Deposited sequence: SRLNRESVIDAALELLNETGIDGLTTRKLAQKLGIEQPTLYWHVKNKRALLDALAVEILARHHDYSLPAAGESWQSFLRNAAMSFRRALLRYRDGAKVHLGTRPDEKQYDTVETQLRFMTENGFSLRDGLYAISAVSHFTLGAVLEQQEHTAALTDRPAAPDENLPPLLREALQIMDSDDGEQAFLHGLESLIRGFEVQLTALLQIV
């Protein structure tokens, strides 16, 4: 088949969905593209390079709320960017595992830069802007990984038998959205406090 970057990534994401991250190999990708493994190697050197590229492409294709809108509040921005990040990770099988394994791109750096500038323009120190973005990112990756890795591996007390029911309710969105508001409000409280004991 055609072996330009875009076509290779397309095939690899389709494979990812069929196999999961642990099952994804260059040998299967070559089979999927109708080529010998040495032909693939010219284009993609190893699994690591493949996954690095997938991780970037997934956000490039699907994380379309990475930047604030004209006039958006920083609360609203973090909320929107978290939801979008979440959706993008969930779009592919083991997507969050794919994401975790990566160090960031230059574009992601331009984008992260604009995000930190935005935060600091809104009254955050560099540190606190970064801490906030990091905590959203951690909380989001954590929740998706649990949603996703719940599937990988496949008699209860009053509250817990039922904790499990409350959860086997939707995909994880309610709990996710609820903790997200709690986090943002926490940041609010912090930012508003300035040097006052809080």
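Trainee: Compare what was deposited with what's modelled and send me the C-alpha-less stretches, numbered from 1.
Mentor: Just one stretch lacks coordinates - namely 155-163.
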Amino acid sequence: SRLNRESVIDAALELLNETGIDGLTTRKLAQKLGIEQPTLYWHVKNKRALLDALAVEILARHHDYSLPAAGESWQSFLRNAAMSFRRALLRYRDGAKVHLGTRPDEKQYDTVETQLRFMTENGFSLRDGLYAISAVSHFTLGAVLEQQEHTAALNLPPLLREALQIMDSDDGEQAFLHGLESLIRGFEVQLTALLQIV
From here on, numbers count along this sequence of modelled residues.
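Trainee: Per the record, averaged over C-alpha atoms, which has the higher B-factor: 157-165 or 142-150?
Mentor: If you average the C-alpha B-factors of 142-150 and of 157-165, the larger mean comes out for 157-165.
Trainee: Got a sec? Mean C-alpha B-factor, which is higher, 169-177 or 51-59?
Mentor: Result of the comparison: 169-177.
Trainee: According to the deposited entry, which of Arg103, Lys97, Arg87, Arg79 has the largest Cα B-factor?
Mentor: Spelled out: the listed residue with the top C-alpha B-factor is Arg103.
Trainee: Where does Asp10 sit by CA temperature factor within its chain: lowest, middle or highest third?
Mentor: For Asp10, whose C-alpha B-factor we compare with every modelled residue in the chain, the answer is the middle third.
Trainee: Ordered by C-alpha B-factor within the chain, which third holds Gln75? Give me lowest, middle or highest, please.
Mentor: It falls in the bottom third of the chain.
Trainee: Considering only modelled residues of the same chain, in which third does the CA B-factor of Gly186 rank: lowest, middle or highest?
Mentor: For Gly186, whose C-alpha B-factor we compare with every modelled residue in the chain, the answer is the lowest third.
Trainee: Rank-wise, by C-alpha B-factor, drop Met83 into the lowest, middle or highest third of its chain.
Mentor: Lowest third of the chain for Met83's C-alpha B-factor.
Trainee: Hey, what third does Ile21 fall into on Cα B-factor, ranked over its chain?
Mentor: As the PDB entry reports it, the C-alpha B-factor of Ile21 lands in the middle third of its chain.
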